[PDB]
Ligand SMILES: *[C@@H]1O[C@H](CO)[C@@H](O)[C@H](O)[C@H]1NC(C)=O
């Protein structure tokens, strides 16, 4: 059983904005800013896309945005580019000092 | 006969009252009565009930933690209701840096499985539990093992009669104000309040489980000096710390569970039922041979081993302490009325010689034994 | 720069034991905690536990508490994870991912950017 509620798959037209949700509890997403997003293209290892909800690493495109309301965090990719068709996973550090992941979302560029 | 060798020997003149302590020996003498030797061997307490079990060495395992951001209440663990763990709540600096939306003190809770490595058990002793083992061996030169509890005995000694022993079990300790603190191997007798006031984790004597330790906080100190981290720390083995605390305390030589003591007594006996063996016997008309040569004891007395060579077999030994001219007696016998039970069996004779030079006689004129002894002072 | 390289592919029969290495390069290994995450075939990521490379301290997931054992080699910049009594469920790609430890060497709270760098992976096949 997945600890974080993530949608199965998402599809969007090239150049348009789309949002991926991540539902948690008061003991992980609801209580702490420790929220991260990972991009995983088939075969490759996961790549840290967003951390501390909003923040993003150095070699990461500024199209990717982060949001958080109550126990729900959102990944927003404004302007869909070609090499976006990948698997996205949200993660959180719990109150108990452990790490939880989401189901995952398959993004389709169409 | 056993007291010959022991330096702690007391001589009692009968008709009486004797004082039996550990290591000490008592030799009783009465006219026309056999000489007796009394010794306290074991002052053990039978079945001791445990009062309290103290933990002297401990260890921390299975560390778990939960934390909250500021203004989100105190955290909770499932280990908090488990009394096998030492649990402690605290406060730590929180903010943007450690995933908190607000800056302030965030509540943290830590739980750790306290386990006991080495322990000790102070037991309960009632005066009624004490089993005194008094041995009575008549001075013959060839012995019943009598047990006495505070709740008189007729010590029947084979071929002599009976001893009418009645003892006062007051050594001097009040076993209500006292605790028998056993520790791994060694044991001590300490005061009640002192024992109950010890700052160590404990379990009731009744406890078998050996897990839910009270006062675990004595051995475990929780330190949070910079509001960053809450740390656990055991205080290490209190074994040596305890030994120093129990210096003046009365030690107990316990041997595998059962606890043996260093006793004391104020016994009273009656020589009325005692009779001297071999009174209807002849004299030994043959010759003797010194098995073991004359030796002065730690006390003024002298011992001697001899073997009868004649055909007299059960007969009385002609023993006399006299001068060079055989004129008169001077000393007295400790092994009263010596007897050769079997000629091929040797016989030990304790006697008190007079001060200065004297002569010890063993047997009659043909093959007679003439031995000079000079007694100091 | 930073390169996390775990051992090659390994095939193991059920009930056996797997040991997977993870060599850290291009950074100070001793001042980082190595995390272990398993990727099931076409499924969600599972956090297994961590090892503070400094002191050697570990924290394991309840799911793997008495099956997984994480170790470290300070002298060879390698992090090892041993999984005992393996089942058909354990058929997954195993990933190692770093995270910085506090300046004092302690690891109460992680750093905002937790899995900034990962390893290539290791497919453990259960036959
Ligand atoms: C406690 O910790 C030990 C490791 O020291 C581990 O093997 C065991 O599974 C843990 N027990 C529980 C109940 O978590």
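Residue numbers (PDB author numbering), protein chains in the order written: chain L, 1 to 9, 11 to 27, 27A to 27C, 28 to 95, 95A, 96 to 106, 106A; chain A, 1 to 15, 21 to 147, 159 to 167, 170 to 391, 1392 to 1395; chain H, 1 to 52, 52A, 53 to 82, 82A to 82C, 83 to 100, 100A to 100K, 101 to 112. All residues carry an ideal CB built from backbone N, CA and C; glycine is no exception.
- Check the Cα spacing between residue 96 of chain H and each of H:69, H:5 and H:31: the tightest is with H:31.
- Residues whose Cβ lies closer than 5 Å to any heavy atom of ligand 1, listed in chain order: A:67 and H:65.
- Residue 98 of chain L is outside the set of residues whose beta carbon lies under 8 Å from a beta carbon in chain A.
- Straight-line measurement puts the Cα of residue 245 of chain A at about 41 Å from the Cα of residue 86 of chain H.
- In terms of Cα proximity to residue 61 of chain H, the closest of H:100, H:49, H:40 and H:36 is H:49.
- In the three-state reduction of the DSSP assignment, residue 132 of chain A falls in the helix class.
- Residues of chain A whose Cβ lies closer than 8 Å to the Cβ of residue 31 of chain L are, in chain order, 101, 104, 105 and 106.
- With fewer than 16 other Cβ atoms inside 10 Å of its own Cβ, residue 390 of chain A counts as exposed.
- Residue environment analysis places residue 125 of chain A among the buried positions, since at least 16 neighbouring C-beta atoms fall within 10 angstroms of its C-beta.
- Sixteen is the threshold: when 16 or more other Cβ atoms of the shown chains lie within 10 Å of the Cβ of residue 248 of chain A, as they do, the residue is buried.
- For residue 57 of chain A, the uninterrupted beta strand (DSSP E) segment begins and ends at 54-72.
- Under the three-state reduction of DSSP, residue 258 of chain A is assigned to helix.
- In the assembly as shown, residue 42 of chain A is a buried residue. Its beta-carbon has 16 or more other beta-carbons within 10 Å.
- In the displayed model, residue 111 of chain A falls within a strand according to three-state DSSP.
- Identification of residues in the stretch 241-258 of chain A having a C-beta nearer than 8 Å to some C-beta of chain H yields 246 and 247, given in sequence order.
- C-alpha of residue 373 of chain A to C-alpha of residue 10 of chain A: approximately 20 Å in a straight line.
- Cβ neighbours of residue 3 of chain L within its own chain (closer than 7 Å, five residues either side excluded): 97 and 98.
- Between residue 75 of chain L and residue 93 of chain H, the alpha-carbon positions lie close to 25 Å from each other.
- The shortest C-alpha to C-alpha distance from residue 105 of chain H to any of L:38, L:32, L:28 and L:7 is the one to L:38.
- For residue 77 of chain H, the secondary structure class from DSSP, reduced to helix, strand or coil, is strand.
- Taking a Cβ-Cβ threshold of 9 Å, the residues of chain L close to residue 44 of chain H are 2, 3, 4, 6, 87, 98, 99, 100 and 101, in chain order.
- For residue 207 of chain A, the enclosing beta strand (DSSP E) begins and ends at 204-209.
- Distance from the Cα of residue 108 of chain H is smallest, within the candidate group H:100H, H:91, H:29 and H:100A, for H:91.
- Residue pairing from DSSP places residue 19 of chain L in a beta bridge opposite L:75.
- When the beta-carbon positions are compared, residue 51 of chain L and residue 68 of chain L stay at least 8 Å from each other.
- Fully enclosed beta strand (DSSP E) runs of no fewer than 3 residues occupy 220-222 and 268-270 of the stretch 207-283 of chain A, in order along the chain.
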